[PDB]
Amino acid sequence: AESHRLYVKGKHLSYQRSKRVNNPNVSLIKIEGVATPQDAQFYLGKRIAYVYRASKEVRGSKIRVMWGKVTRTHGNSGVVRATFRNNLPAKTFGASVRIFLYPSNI
Amino acid sequence: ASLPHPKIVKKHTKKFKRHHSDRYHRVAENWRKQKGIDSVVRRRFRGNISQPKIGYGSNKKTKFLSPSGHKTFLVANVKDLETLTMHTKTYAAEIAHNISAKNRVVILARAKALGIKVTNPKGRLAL
Amino acid sequence: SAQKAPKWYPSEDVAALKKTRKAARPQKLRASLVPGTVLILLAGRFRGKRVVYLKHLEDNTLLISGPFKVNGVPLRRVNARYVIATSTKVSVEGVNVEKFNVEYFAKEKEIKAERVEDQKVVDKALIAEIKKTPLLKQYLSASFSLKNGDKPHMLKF
Amino acid sequence: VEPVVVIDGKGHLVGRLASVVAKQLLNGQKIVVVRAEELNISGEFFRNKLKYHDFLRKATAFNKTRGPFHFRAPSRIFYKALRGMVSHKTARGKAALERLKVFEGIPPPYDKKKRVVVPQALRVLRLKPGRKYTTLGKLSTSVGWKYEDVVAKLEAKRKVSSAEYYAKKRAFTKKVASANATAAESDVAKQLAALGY
RNA sequence: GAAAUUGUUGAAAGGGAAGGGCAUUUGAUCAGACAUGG
RNA sequence: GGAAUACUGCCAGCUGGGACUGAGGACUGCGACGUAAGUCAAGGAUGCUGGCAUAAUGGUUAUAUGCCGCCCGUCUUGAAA
RNA sequence: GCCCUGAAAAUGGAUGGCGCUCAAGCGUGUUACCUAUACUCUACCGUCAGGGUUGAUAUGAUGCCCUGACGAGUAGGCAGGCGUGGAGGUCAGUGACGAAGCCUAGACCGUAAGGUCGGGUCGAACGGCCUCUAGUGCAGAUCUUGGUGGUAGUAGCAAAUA
RNA sequence: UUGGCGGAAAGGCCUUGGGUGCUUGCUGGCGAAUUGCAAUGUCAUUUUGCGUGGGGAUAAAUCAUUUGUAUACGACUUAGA
Ligand SMILES: [Mg+2]
Ligand SMILES: [Mg+2]
Ligand SMILES: [Mg+2]
Ligand SMILES: [Mg+2]
Ligand SMILES: [Mg+2]
Ligand SMILES: [Mg+2]
Ligand SMILES: [Mg+2]
Ligand SMILES: [Mg+2]
Ligand SMILES: [Mg+2]
Ligand SMILES: [Mg+2]
Ligand SMILES: [Mg+2]
Ligand SMILES: [Mg+2]
Ligand SMILES: [Mg+2]
Ligand SMILES: [Mg+2]
Ligand SMILES: [Mg+2]
Ligand SMILES: [Mg+2]
Ligand SMILES: [Mg+2]
Ligand SMILES: [Mg+2]
Ligand SMILES: [Mg+2]
Ligand SMILES: [Mg+2]
Ligand SMILES: [Mg+2]
Ligand SMILES: [Mg+2]
Ligand SMILES: [Mg+2]
Ligand SMILES: [Mg+2]
Ligand SMILES: [Mg+2]
Ligand SMILES: [Mg+2]
Ligand SMILES: [Mg+2]
Ligand SMILES: [Mg+2]
Ligand SMILES: [Mg+2]
Ligand SMILES: [Mg+2]
Ligand SMILES: [Mg+2]
Ligand SMILES: [Mg+2]
Ligand SMILES: [Mg+2]
Ligand SMILES: [Mg+2]
Ligand SMILES: [Mg+2]
Ligand SMILES: [Mg+2]
Ligand SMILES: [Mg+2]
Ligand SMILES: [Mg+2]
C-alpha cells in the first residue's frame with residue numbers, strides 16, 4: 001500500500017465565464033481520465049474537495065478543506081462543472097483537486 | 001424567546017455609498033442619486049456601484065427583525081419599558097443612550113422581572 | 001416617551017402546522033446489494049476496507065462484518081451511498097444475523113461482551129465460507145486504493 | 001499525470017506545439033521543452049526569414065531600448081509564440097509561465113530523462129507531404145543567433161553517450177528476456193494469461 | 001475643539017497612478033444564541 | 001415471392017444517474033386505491049441519523065486572486081476628450 | 001474558381017494578438033458544445049387591477065385576507081417619505097449618578113434619504129409623537145469668507161572693486 | 001565500502017565487497033471494535049530565529065584625511081600602521 005488514494009485527481013480550471021464576465025459561483029473542473037461528457041456523467045453528484053494548508057491551527061489541524069460536488073457536464077471533452085459550499089479562491093486555477101467515488105450507485 | 005419568523009434574508013447587505021465619496025473628502029458617503037447627464041452610474045454601465053431600488057426591499061415577514069427575533073423598541077424608562085409586557089416574544093428593549101447610569105439598573109431590573117429582553121444591557125455598567 | 005408605542009402588535013400565538021402529506025415508504029436497494037456481497041467502504045473510519053454485506057436494517061443502513069478476524073472491522077452500520085458493491089459474493093446461508101437491528105446498535109468506552117461474542121459467532125461462519133475459495137481471505141485483508149491509471153468509470157470491480 | 005513533462009520539440013510545428021504548451025501550463029502541468037532548435041515552421045525558409053525581418057524592423061522610435069525585444073535563439077523564438085497565447089500580464093499569467101522551461105539542445109538534468117512528443121504538433125503528421133517548411137535553429141543564426149555550432153557539437157557528444165547508454169540497456173533487456181524464457185512458459189504464466197497478463 | 005492638512009506609534013500593500021464592482025482564500029474583528037436533570 | 005431493417009411519428013409504456021427549489025402553516029377543495037376498516041405520491045417537506053462550544057457558522061474590514069470599471073459637472077446630434 | 005502581376009508615403013504595428021499551410025485560409029454540408037439584464041419554472045420587493053371581510057365577538061377599516069399582470073428612462077409631471085431652525089399641544093418625556101456637541105475599517109434597523117446603540121471625549125441643557133411655520137438640506141456657480149496643501153527646504157538671498 | 005565515468009547548468013550515473021532492517025516466494029499463532037452511518041484524514045518543504053556536542057576558521061568596507069590619470073554634488077582613481 002504505497003497507494004492510499006480513494007479519489008480521482010482533478011484540476012481547477014476556471015470559473016464559469018463568457019469572454020469577459022465570470023461566474024465565481026460555478027467552477028470548471030477537469031477530471032483526470034475523463035475524455036468525454038458520456039464519461040463525465042459517472043462523477044455527477046460526487047463530492048469534490050480542495051485541500052489547502054494554513055498557519056493557524058483549528059481542529060488541531062493546519063490542513064483545511066473546501067467541499068462541494070460535481071453537478072453537470074461541460075462542453076465536449078469531459079470537463080465538468082462544480083459548486084462548493086463557499087467558492088474556490090481563483091488563485092487555485094490550475095491547482096489540484098479531489099473527486100471521490102461517493103455518492104455511489106455502483 | 002421570539003416567534004416563528006422565516007429565515008431572515010437580507011438581499012443586499014453592503015451600504016450604498018454615494019459615487020465618488022471615495023474620491024473627494026468633500027463628498028459625504030450618504031447616498032445621493034447621480035443626476036448629471038453623462039454619468040456612468042446613473043446610466044448604469046457595467047462594473048459600477050449598484051444603486052438602491054425597491055427590488056431590495058426586504059421580506060414583509062422578516063423586516064425590522066434584529067437577528068434575535070424581535071423588533072427593537074426604544075425605551076427611555078420604566079413606563080416606556082412596560083408597554084412591552086404582553087409582547088415579549090415580539091419586541092426587545094433598547095435603552096435610550098441618554099438614560100442615567102443609575103436609572104438603567106432599574107429598567108434592567110423590571111425587564112428581568114417581566115421577561116422582556118434588552119438589546120443593550122451592560123449600559124453605563126460598572127466593572 | 002423615547003418612541004411612540006406601536007399601534008398593532010401581532011399575535012404571539014404560535015400556530016399549528018398543516019397536515020403534511022409525506023408517507024415514509026421503504027427503500028429498495030440497488031440490484032447489486034445482495035446480502036453476502038463483498039463491499040468496498042468509501043468513507044469514514046474503515047474507508048478502503050473490503051467487507052461483507054450482511055443485512056438491510058430499518059434505518060436504511062447495511063449490516064457489515066468484516067469479518068473482524070480477517071481485517072479488524074466489526075459488526076457495523078454503514079450507509080449504502082458510501083460503498084462500492086463489488087461483483088464477488090460469499091454464501092450467507094449459515095449465518096444467523098436475525099438478532100441484529102437498529103436497537104442492537106442503540107446508543108444506551110467499554111465494549112459489551114455481547115458484541116464481542118456475537119462477533120465470533122457470525123465471523124467464524126463467514127470465515128468458514130471464505131476459505132473455500134482461494135485468495136478471497138487475503139483480498140479481504142488488503143485495502144482498496146485506486147492506482148495511477150485507474151478510471152473508476154471503466155473499472156468493473 | 002506526470003510532475004514534469006519534457007518535450008523533444010524536434011520535428012514539431014512552432015505555434016501548434018506552442019498552443020498545446022500554453023494550455024498545459026495554465027492548467028498547472030510543469031513543462032520543459034528541449035531541442036528547441038530542431039523545431040519546425042511551415043512555409044519555406046525565405047518566407048519566415050522575411051517574416052522575422054518584419055519583426056526586426058519594429059522598435060520604439062525615440063528609444064530602441066524600450067522597443068519590442070527581438071530575441072534570436074530558437075528557445076526564445078519559441079517562447080515568443082507561447083507568451084503570445086498566455087495572459088502574461090497577470091499573476092495567473094506569470095504563474096503559468098513560471099512552469100515552463102525551453103532549451104536549445106538538451107542540457108544535463110534532462111539529458112537522462114524521457115522526453116515525449118505531441119502528435120497534434122508533429123510536423124510530419126500535420127503538414128501535407130510536399131509542403132515546404134523551415135528549421136528554427138537555421139532561422140535563428142540567419143537572424144543572428146550565435147550558438148548553432150556550439151549546440152550541434154554538444155549534441156553530437158550527447159548522442160554518442162546516449163547511444164552507448166542505449167546499446168547497453170538493449171543488451172540488458174535481451175538478458176531479462178533470455179532470463180524470462182524459462183518462466184515465459186511456466187504454470188503461473190498460463191494462469192496470468194487467463195486474465196490478460 | 002470637527003474638517004483640510006501634519007508628527008509619532010502600530011498594521012498592511014506597492015515591477016509606469018490610485019481609487020471602484022461581483023466572488024472567494026487568508027488575517028483581524030464582531031456577534032446571535034440558553035436552559036437540562038445533578 | 002415472403003421477410004427483416006432504416007427513416008419518421010405515436011404511447012394517459014416501464015425505468016437509472018445528476019442538479020436547483022421546499023414558498024404555505026389547524027380543517028374546508030378535486031381525486032386516487034381499496035370488499036371493507038382504511039390508505040395515499042390528491043389545494044407547496046417530511047422522516048431518520050449525525051456534527052457545533054474560548055466552536056460550526058454568519059456580518060463587517062484589510063489584503064491577495066480571477067474577470068470587469070476612462071472624470072465628474074455642463075452645453076451638445078455627439079464628451080473620457 | 002483560387003493563386004500571381006497590375007498595387008507608390010511619410011514614429012514601429014496589427015485578420016483584436018499569438019500564430020496557422022490535407023489550416024487555425026476560401027466554397028459547401030452534417031452534428032455536438034459555449035454564452036445576455038432575453039425566454040421557461042419558483043422565492044422576495046413594489047406598482048396596478050379584481051375580489052372577500054369589523055355579523056354580536058381586544059391590538060392597525062387610510063386595515064386584514066385571497067387572485068392575476070406588470071417593472072428601461074433624460075427633459076418634465078405627480079406621489080410616498082427622510083433631515084433642519086423656530087411655534088401650539090402632549091409623553092407629569094431624557095439630564096450634572098452627565099444634556100447637546102464631537103471622535104470611533106464597534107453593533108443593530110431601513111431599498112434609500114436616514115434612524116438607533118456601545119466605547120471615548122465633553123460639560124448645561126435636550127428629545128419623541130400630533131400638528132404649525134419657514135431665512136429648511138450643496139460638490140460644482142474663474143461662487144463668498146476663512147482655514148490648508150502639493151509645489152519646496154525649491155526659485156532664490158550674484159549690480160554699487162574688499 | 002572497491003573501481004570508474006559525467007563540465008551544456010557536469011552536483012549526477014554505473015560498478016566491487018560485505019554489514020543491517022524488510023521481504024506478500026510459501027505455511028502458521030495473535031491483534032483491530034466504541035473514531036459509533038460521511039464531515040475531521042499520511043504529513044510533504046521553505047525559510048527564520050533560538051537550544052545542545054563535535055569539528056572548524058580568527059577579516060574587511062565605509063566615514064574622515066590624501067592623489068588628480070577623475071569630478072557640478074554623489075561617483076571615479078591613488079595614498080596612509
Ligand atoms: Mg463556462
Ligand atoms: Mg448623453
Ligand atoms: Mg488483517
Ligand atoms: Mg508551423
Ligand atoms: Mg486581459
Ligand atoms: Mg481648547
Ligand atoms: Mg414552510
Ligand atoms: Mg460564535
Ligand atoms: Mg479595499
Ligand atoms: Mg478593463
Ligand atoms: Mg486597468
Ligand atoms: Mg459642437
Ligand atoms: Mg461629461
Ligand atoms: Mg506614397
Ligand atoms: Mg510607419
Ligand atoms: Mg470574399
Ligand atoms: Mg470551412
Ligand atoms: Mg460551413
Ligand atoms: Mg434575473
Ligand atoms: Mg422606472
Ligand atoms: Mg419631516
Ligand atoms: Mg422641525
Ligand atoms: Mg431660522
Ligand atoms: Mg396628543
Ligand atoms: Mg453627552
Ligand atoms: Mg457652564
Ligand atoms: Mg408637517
Ligand atoms: Mg440664518
Ligand atoms: Mg437658502
Ligand atoms: Mg462645500
Ligand atoms: Mg468644487
Ligand atoms: Mg450639482
Ligand atoms: Mg531652511
Ligand atoms: Mg537653492
Ligand atoms: Mg534673481
Ligand atoms: Mg536546468
Ligand atoms: Mg464527506
Ligand atoms: Mg586633471
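No value in this document is a laboratory result; all are computed from the given coordinates. Ideal geometry is used to build each Cβ from the backbone, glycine not excepted, and the neighbour counts take in all protein chains shown.
Dividing the C-alpha radius of gyration of segment B:1-76 by 2.2 N^0.38 Å, with N its residue count, gives 1.50. Close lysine pairs were tallied over chain A: pairs 8 or more places apart or on different chains with Cα atoms under 23 Å apart number 20.
Of all the C-alpha pairs in segment D:72-197, what % are more than 21 Å from each other? Numbers along the way, then the final one.
Working: 5213 of 7875 pairs.
Percent of Cα pairs beyond 21 Å in segment D:72-197: 66.
Please give the FRET efficiency for residue C:101 paired with residue C:9, using the beta carbon to beta carbon distance and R0 = 41 Å, rounded to the nearest 0.05. Plugging the Cβ-Cβ distance into 1/(1 + (r/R0)^6) gives 0.20. When only the Cβ of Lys, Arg, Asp and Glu is charged (+1, +1, -1, -1), the dipole of chain D relative to its Cα centre reaches about 720 debye. Given A:48, A:71, A:106, which one lies farthest toward the positive end of the charge dipole of segment A:22-106, if we put +1 on the Cβ of every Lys and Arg and -1 on the Cβ of every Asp and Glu? Highest projection toward the positive end goes to A:48.
Placing unit charges on each Cβ (+1 for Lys and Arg, -1 for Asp and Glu) gives chain B a dipole about its Cα centre, and among B:113, B:90, B:64 the Cα reaching farthest toward its positive end belongs to B:64. Where in segment D:40-77 is the amide nitrogen less than 16 Å from a point lying 7 Å along the Cα-to-Cβ axis of residue D:132? Correct set: D:41-52. Normalised Debye scattering of segment A:1-58 at q = 0.26, 0.30, 0.31 Å⁻¹ gives log10 I(q)/I(0) of -1.18, -1.27, -1.29, counting only Cα atoms as equal scatterers and leaving out solvent. Please list log₁₀ I(q)/I(0) at q = 0.08, 0.09, 0.12 Å⁻¹ for the protein assembly as shown, using the Debye equation with identical point scatterers on the alpha-carbon positions. After summing over all Cα pairs, the log10 values are -0.97, -1.08, -1.31. The helix-only estimate of mean residue ellipticity at 222 nm for chain D, built from DSSP H runs of length n ≥ 4 each weighted as -39500 (n - 2.57), is -15500 deg cm²/dmol after division by the residue total. With viscosity set to 0.692 mPa s and temperature to 37 °C, compute the Stokes-Einstein D of segment D:3-68, Rh being the Kirkwood radius across alpha carbon pairs; µm²/s, no decimals. It comes out at roughly 232 µm²/s. Only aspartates and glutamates eight or more places from residue B:17 in sequence, or on another chain, were considered; those with a Cα closer than 16 Å are B:29. Bridgeable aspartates and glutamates around residue D:23 (alpha carbons under 14 Å apart, same-chain partners fewer than 8 residues away excluded): D:98. For residue B:36, the shell of other residues with beta-carbons less than 12 Å away shows a net charge of +4, using +1 for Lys and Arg and -1 for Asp and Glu.
The distance linking segment B:60-127 with segment A:60-92 is 46 Å (Cα centroid to Cα centroid, whole angstrom). Taken along the Cα-to-beta-carbon direction at a fixed 7 Å, the label points for residue D:186 and residue D:152 span 5.2 nm.
To one decimal place, what orientation-averaged projected area in nm² is obtained for the convex hull of the Cα set of chain B?
Details: hull surface 47.6 nm².
So the Cα hull casts an average projection of 11.9 nm².
Counted by Cβ distance under 11 Å from residue C:116, the other residues give a net charge of -2, where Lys and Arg count +1 and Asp and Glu count -1.
With viscosity set to 1.002 mPa s and temperature to 20 °C, compute the Stokes-Einstein D of segment C:42-157, Rh being the Kirkwood radius across alpha carbon pairs; µm²/s, no decimals. Please list the in-between numbers first.
Numbers: Rh = 15.3 Å.
Estimated diffusion coefficient is 140 µm²/s.
For the residue pairs D:30/D:58; C:49/C:124; C:151/D:10, the C-alpha atoms sit more than 22 angstrom apart in D:30/D:58; C:151/D:10.
Assuming charge only on the beta carbon of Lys and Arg (+1) and of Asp and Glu (-1), the dipole of the protein assembly as shown about its Cα centre is about 2900 debye to the nearest 20.
Around the Cα centre of chain B, unit charges on the Cβ atoms of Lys, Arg, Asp and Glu (plus for the first two, minus for the last two) sum to a dipole of about 680 debye.
Peptide C:143-151: average number of partner chain Cβ atoms within 10 Å per residue? If you can, show how the numbers build up before the last one.
Details: counts 4, 4, 7, 9, 3, 6, 3, 4, 8.
Shielding by partners across C:143-151 averages 5.
Seen against the Cα atoms of chain D and their longest principal axis, helix D:14-26 is set at about 80 degrees. Per-residue Karplus couplings for segment D:168-181, computed as 6.51 cos²θ - 1.76 cosθ + 1.60 with θ equal to phi - 60°, are listed in order as 5, 5, 4, 6, 7, 6, 3, 3, 4, 4, 6, 8, 2, 2 Hz, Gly and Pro entered as x.
Any chance you could give the angle, 0 to 90 degrees and rounded to 10, that helix D:45-56 forms with the longest Cα principal axis of chain D? Between helix and principal axis, roughly 50 degrees.
If r is the Cβ-Cβ distance from residue B:9 to residue B:39 and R0 is 25 Å, what FRET efficiency results, to the nearest 0.05?
Working: r = 31 Å, r/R0 = 1.24.
E(calc), rounded to 0.05, equals 0.20.
The mean number of Cβ atoms from other chains found within 10 Å of a Cβ in peptide D:24-36 is 2, as a whole number. Note on residue A:9 and residue D:1: the model spin-label points, each 7 Å out from Cα along the C-beta direction, lie 1.0 nm apart. Estimated from the Cβ-Cβ distance and a Förster radius of 56 angstrom, the FRET efficiency linking residue B:53 and residue C:116 is about 0.25.
Here the peptides B:107-115, D:12-20 are ranked by packing, the mean other Cβ count within 10 Å, and the order with the highest first is D:12-20, B:107-115. The H on the amide N of residue C:66, modeled in the peptide plane, is under 5 Å from the matching H of C:52, each at least 5 residues off or on a different chain. Between amide H atoms placed 1.01 Å from N, distances below 5 Å from residue C:49 occur with C:41, C:144, all of them 5 or more places distant or on a separate chain. Debye-formula intensities of segment D:10-114, expressed as log10 I(q)/I(0) at q = 0.21, 0.23 Å⁻¹, are -1.20, -1.30 (one equal scatterer per alpha-carbon, no solvent).
Residues whose amide H comes within less than 5 Å of that of residue A:31, counting only those at least five positions distant or on another chain, are A:80 (H built at 1.01 Å from N in the peptide plane).
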